[PDB]
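Protein chains in written order, with our numbering: chain A, 1 to 73; chain B, 1001 to 1119; chain C, 2001 to 2101; chain D, 3001 to 3088.
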RNA sequence: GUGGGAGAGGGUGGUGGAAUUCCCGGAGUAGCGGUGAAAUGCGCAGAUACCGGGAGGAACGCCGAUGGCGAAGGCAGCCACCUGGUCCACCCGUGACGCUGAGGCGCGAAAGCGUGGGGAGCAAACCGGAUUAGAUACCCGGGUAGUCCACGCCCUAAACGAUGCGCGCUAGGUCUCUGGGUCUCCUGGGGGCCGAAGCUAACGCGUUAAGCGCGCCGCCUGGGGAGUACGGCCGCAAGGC
Ligand SMILES: NC[C@@H]1O[C@H](O[C@H]2[C@@H](O)[C@H](O[C@@H]3[C@@H](O)[C@H](N)C[C@H](N)[C@H]3O[C@H]3O[C@H](CO)[C@@H](O)[C@H](O)[C@H]3N)O[C@@H]2CO)[C@H](N)[C@@H](O)[C@@H]1O
Ligand SMILES: NC[C@@H]1O[C@H](O[C@H]2[C@@H](O)[C@H](O[C@@H]3[C@@H](O)[C@H](N)C[C@H](N)[C@H]3O[C@H]3O[C@H](CO)[C@@H](O)[C@H](O)[C@H]3N)O[C@@H]2CO)[C@H](N)[C@@H](O)[C@@H]1O
Ligand SMILES: [K+]
Ligand SMILES: [K+]
Ligand SMILES: [Mg+2]
Ligand SMILES: [Mg+2]
Ligand SMILES: [Mg+2]
Ligand SMILES: [Mg+2]
Ligand SMILES: [Mg+2]
Ligand SMILES: [Mg+2]
Ligand SMILES: [Mg+2]
Ligand SMILES: [Mg+2]
Ligand SMILES: [Mg+2]
Ligand SMILES: [Mg+2]
Ligand SMILES: [Mg+2]
Ligand SMILES: [Mg+2]
Ligand SMILES: [Mg+2]
Ligand SMILES: [Mg+2]
Ligand SMILES: [Mg+2]
Ligand SMILES: [Mg+2]
Ligand SMILES: [Mg+2]
Ligand SMILES: [Mg+2]
Ligand SMILES: [Mg+2]
Ligand SMILES: [Mg+2]
Ligand SMILES: [Mg+2]
Ligand SMILES: [Mg+2]
Ligand SMILES: [Mg+2]
Ligand SMILES: [Mg+2]
Ligand SMILES: [Mg+2]
Ligand SMILES: [Mg+2]
Ligand SMILES: [Mg+2]
Ligand SMILES: [Mg+2]
Ligand SMILES: [Mg+2]
Ligand SMILES: [Mg+2]
Ligand SMILES: [Mg+2]
Ligand SMILES: [Mg+2]
């Protein structure tokens, strides 16, 4: 599980608390709209906990999705 | 009679049966088929073989509408899901894309006791 | 007096007149509820991850205000009165939390 | 809630001498502030029990402090109570 | 006291999307459903599968953890307001103000009760299909109270760590949550695992003691009879003590 690459490790400096920034937040979601587990995102407990609320806020704002379709099955 | 030639193919696969609906790109059904549409009656509808025959029957009745290429959408876990996929690929309809649309609630509704230890 | 961020999503189909009208009403409500506007970011028409009121897009507005706490909730309700207003989200402002800093 | 200026205002009100933060009078005054505020909150929100436990604890603390004051300097006790308008 | 922190702690209002059911419309036709296998059931008054629109109720997927918060029961979408507890740093103020706690008072999962709302899904009772020697059950199809909200009762439990609360003392190692610092490391508060000394009938416990001690509370004294009888108190009742 979580076998490819390091979501946080390849990325720049960013505000984890910014809901309006879509381009960066997209990277924390899977093929589906799911929030990636720590083992993928590479974040810490506090970081992750903040990320979740940020993403959920963005979803409610219609910036990020909730769920998505899986392709090429 | 339509002459559509490109459309969607919905494979709804549960443990008890497999039903396949070929539709136009607007979503409206052209034809459908299932385990019971072919000879099968009892538990045998849930068979992968039944899914094959159903998929093929749906595809045939679809090609009677002049259908050429379809996009596959899959719902539900059960045997003969992937068999329906494979049969559609071997059907004579070009399969463009395959997608899993399987519905899941976000903790929505209480399951029957059979499905419990969950919600 | 606490610091908040008002997010407002509007109808993408609004022309100049109707949109300027909506903004004037919004700012009149912000005035009427005692909210002082510090900084404003108008992002405008953007894609959505899912349709909102049948529309694939939305018109985004962002305000940073200083207003009395007791009135906040009420203000939001007022903003939701308008028919052409899709979403209102009022977030208590916070300092940025950086990673990879 | 209780902001900084409110709190300072009440501290410098009951302070025995300039610079007095933790003397019994100041403690009872602060406790009384929090208690009146919290009781006001529980006038509405009657279904908030968890906060009410807080109220109980604060009241206990205040009563203990006042008991100590009564034990030590009865006059300072009388003055404090008259000032804050407690007991009764 | 000042400054800084984490949190499903609690109450009120708002609000979001997924799914289920139902209604309307479109397209489409011979079944769907369900099981070990079936049947009841539903479907030619057009079901199932698919799309569009609408209504309503309830619960919040991923994050989510071997995680966090709470005195306990228990607490999980998001937003705002109101509000309880707690940790750390500075060493600033008061100067033993402390601990425990019979009674009292309050809180107290689920089910249950009262009045009034609500009712999608699930479902005691019940009505059916099947299974079986029989099947009052397990399996399948329906289904009322109930599950939901407000106010008021009930006070129970494997209400469990089956481990009362507070303080001091007695090797370390290792993972983790949250602070501070001279930031490889040190220092504090939580949560786990292995283990010195020691304890234990054993199992095991072992700085989160079941070790060494002190203070205060509650409780036990063979099994059945029996949490029964009688009495009293509580409760609308069920019933509880
Ligand atoms: N979001 C408001 C919440 O309301 C709660 O209580 C409220 C909610 O339970 C409920 O609000 C409405 C209700 O008016 C209306 N008749 C129906 C509506 N579905 C309800 O809303 C709620 O219903 C239930 C609650 O269990 C949830 O399952 C559902 O997600 C939620 N939307 O009725 C209550 C009174 O308005 C609590 N106060 C608190 O959690 C919070 O303030
Ligand atoms: N507790 C509820 C939650 O609080 C979070 O934030 C809470 C915490 O971050 C914060 O804790 C502060 C602490 O920073 C600060 N250093 C000291 C302060 N005493 C604490 O506050 C605490 O005590 C006070 C009474 O004095 C209470 O009113 C308050 O609820 C309690 N958290 O207080 C906040 C309010 O309680 C969430 N942001 C908020 O959305 C949510 O309501
Ligand atoms: K064992
Ligand atoms: K009586
Ligand atoms: Mg079947
Ligand atoms: Mg749940
Ligand atoms: Mg659960
Ligand atoms: Mg909470
Ligand atoms: Mg129809
Ligand atoms: Mg006919
Ligand atoms: Mg009909
Ligand atoms: Mg209804
Ligand atoms: Mg999980
Ligand atoms: Mg528990
Ligand atoms: Mg000093
Ligand atoms: Mg002195
Ligand atoms: Mg007692
Ligand atoms: Mg109860
Ligand atoms: Mg109940
Ligand atoms: Mg009732
Ligand atoms: Mg049922
Ligand atoms: Mg049943
Ligand atoms: Mg009744
Ligand atoms: Mg009734
Ligand atoms: Mg109640
Ligand atoms: Mg237990
Ligand atoms: Mg424990
Ligand atoms: Mg333990
Ligand atoms: Mg520790
Ligand atoms: Mg530690
Ligand atoms: Mg030993
Ligand atoms: Mg051990
Ligand atoms: Mg006993
Ligand atoms: Mg005996
Ligand atoms: Mg005897
Ligand atoms: Mg009994």
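From the three backbone atoms N, C-alpha and C, an ideal C-beta is built for every residue, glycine too.
Item                                                                                                                                                                   : Value
With 8 Å set as the bound, which would you pick, yes or no: does the beta-carbon of residue 2068/C sit closer than that to a beta-carbon of chain A?                   : no
Pull up the DSSP beta-bridge partners for residue 1012/B, would you.                                                                                                   : 1019/B, 1075/B
Measure the beta-carbon distance from residue 1030/B to residue 1070/B and round it to whole angstroms, keeping in mind my assumption that it falls under 8 Å.         : Actually they do not touch by this definition, with Cβ atoms about 10 Å apart.
Looking at the unbroken beta strand (DSSP E) that takes in residue 1040/B, where does it start and where does it end?                                                  : Residue 1040/B -> no beta strand (DSSP E), and no H or E assigned at all.
Please name the residue, chosen from 32/A, 38/A, 63/A, that lies closest to residue 72/A on a Cα-to-Cα basis.                                                          : 32/A
Kindly indicate the opening and closing residues of the beta strand (DSSP E) around residue 2010/C.                                                                    : 2002–2010
By DSSP, does residue 1052/B sit in helix, in strand, or in coil?                                                                                                      : helix
Along the chain, where does the alpha helix (DSSP H) that runs through residue 1097/B open and close?                                                                  : Note, residue 1097/B: premise wrong, no alpha helix (DSSP H); beta strand (DSSP E) at 1094–1100.
Is the CB-CB distance between residue 1064/B and residue 1020/B below 8 Å?                                                                                             : no
Just the Cα atoms here: how many angstroms apart are residue 19/A and residue 1096/B?                                                                                  : 36 Å
At a Cβ threshold of 8 Å, is residue 22/A touching chain B?                                                                                                            : no
Closer than 9 Å by beta-carbon distance: list the chain B residues that pair up with residue 72/A, in chain order.                                                     : 1097, 1098, 1099
Residues of chain A with a CB under 7 Å from the CB of residue 2007/C: which are they?                                                                                 : 61
Flag this pair as touching only if the stretch 48–55 of chain A and the stretch 1036–1050 of chain B have three or more C-beta atom pairs under 8 Å; answer yes or no. : no
Compile a chain-ordered list of the residues in the stretch 43–55 of chain A whose CB is closer than 8 Å to at least one CB of chain C.                                : 43, 47, 50
Can you list the residues of chain C that residue 14/A reaches, using a CB-CB cut of under 8 Å?                                                                        : 2098, 2099, 2100
Between which two residues does the beta strand (DSSP E) containing residue 3014/D stretch?                                                                            : Segment 3004–3014 is the alpha helix (DSSP H) holding residue 3014/D; no beta strand (DSSP E) there.
Any heavy atom of ligand 6 closer than 7 Å to the beta-carbon of residue 3039/D?                                                                                       : no
Take residue 3024/D and list the residues in its own chain whose beta-carbon comes closer than 7 Å to its own, dropping the five residues that flank it on each side.  : 3065, 3068, 3069
Could you please tell me which residues of the stretch 1060–1077 of chain B, in chain order, have their CB closer than 9 Å to any CB of chain A?                       : 1072, 1073, 1074
Could you check the C-alpha separation between residue 2090/C and residue 41/A for me, to the nearest Å?                                                               : 28 Å
Closer than 7 Å by beta-carbon distance: list the chain C residues that pair up with residue 11/A, in chain order.                                                     : 2100
Consult DSSP for residue 1118/B and reduce its assignment to one of helix, strand or coil.                                                                             : coil
Alpha carbon to alpha carbon, what distance is there between residue 28/A and residue 36/A?                                                                            : 6 Å
Roughly how many angstroms separate the alpha carbons of residue 2045/C and residue 1075/B, rounded to a whole number?                                                 : 34 Å
Check whether the stretch 2027–2040 of chain C and the stretch 2066–2082 of chain C are in contact - that is, three or more C-beta pairs closer than 8 Å.              : yes
With a 10 Å radius around its C-beta and 16 neighbouring C-beta atoms as the bar for buried, classify residue 3079/D as buried or exposed.                             : exposed
Over the uninterrupted beta strand (DSSP E) stretch that includes residue 2037/C, give me the two end residues.                                                        : 2036–2052
Let's test the definition: count the other Cβ atoms within 10 Å of the Cβ of residue 3013/D and tell me whether it reaches 16, buried, or not, exposed.                : exposed
Under a CB-based cut-off of 8 Å, is residue 69/A close to chain B?                                                                                                     : yes
Who are the Cβ neighbours of residue 38/A in its own chain at under 7 Å, not counting the five residues just before and after it?                                      : 48
Roughly how many angstroms lie between the CA atoms of residue 2041/C and residue 4/A, to the nearest whole one?                                                       : 38 Å
Please decide whether residue 2049/C counts as near chain A, where near means a Cβ-Cβ distance under 8 Å.                                                              : yes
Taking residue 2052/C as the query, report the chain A residues whose CB atoms sit under 8 Å from its CB, ordered along the chain.                                     : 62
Going by C-alpha distance, which of 1014/B, 1016/B, 1094/B is nearest residue 1006/B?                                                                                  : 1094/B
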